[PDB]
């Protein structure tokens, strides 16, 4: 009844709620630019899933006001397919609309993240809450690409959070096969939304871009994603990062849509996200050296790693660092 293959023929988005049109962003070669052709670099945060926020009773304007006050110029919205299903299409878009509305009005760009994890082709996922299908995935991008067409704020469409085969535990898929799937998704998006930028990821949990570099997505307005957590590789960091994903910044824009860190003693700490604290400056500075946009993980006191300690919105260690950089370099 509520699932993706029974449209409750869904009312259009009411754009009377919006007062504000941010500059149109496009991919020119290896960077993002505006109408004037000035380079733009995004530095922001992921919220938790709006579904969680609404239950936690903090799906309100104040929440977004704070995010803005940290100097944030982009907000990533991790739409879990299980939450898409829990609320149903109609009920999820009501949330997603409102989030985008707040983002827009506060002068923040929006990334729409279909937040899955694993091997879509073989339908094997890390965990039930990421479970989806090719059908569902395509349907999602059809609805949102159209719904938010013409809203420059909503610039970035991130196809699939973290692709991985988990060393065979989640089966097999070639980069060639994945390229084909991203190509279809992007054709769908572009057919509904000519101006949409698509964010495409490789394997090892959206870390590798060497396969992508060798056989790139044949579509316009594409940038490539990497999630270089502290412990994805060891020292020497910058050399390793450059080899694995950094070099791709020379050629296409790179949007690191998930980074973060915490101490081992902090809440929910787990590989590959544990660090003494030095990774924060190291990664910020490497990304400055390379012109790479990035999104810190996670404006939530519960999900790990936390950028805030409670709903009093006090920064954690990683919160501190990313805030300082966003305030200095953005707005």
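Numbering follows the first chain given and starts at 1.
In this entry, 13-21 has the higher mean Cα B-factor, the comparison being between 13-21 and 303-311.
Here the stretch with the larger average CA B-factor, out of 288-296 and 31-39, is 31-39. Residue set 163, 135, 81, 71: peak C-alpha B-factor at 71 (per PDB entry). Among all modelled residues in its chain, residue 61 ranks in the highest third by Cα B-factor.
Ranked by Cα temperature factor within the chain, residue 98 sits in the lowest third according to the deposited record. Sort the chain's modelled residues by C-alpha temperature factor and residue 189 lands in the lowest third, per the entry. Placement of the Cα temperature factor of residue 176 within the chain: highest third of the modelled residues, per the deposited record. Among the modelled residues of its chain, residue 122 has a C-alpha B-factor that falls in the lowest third, as given in the PDB entry.
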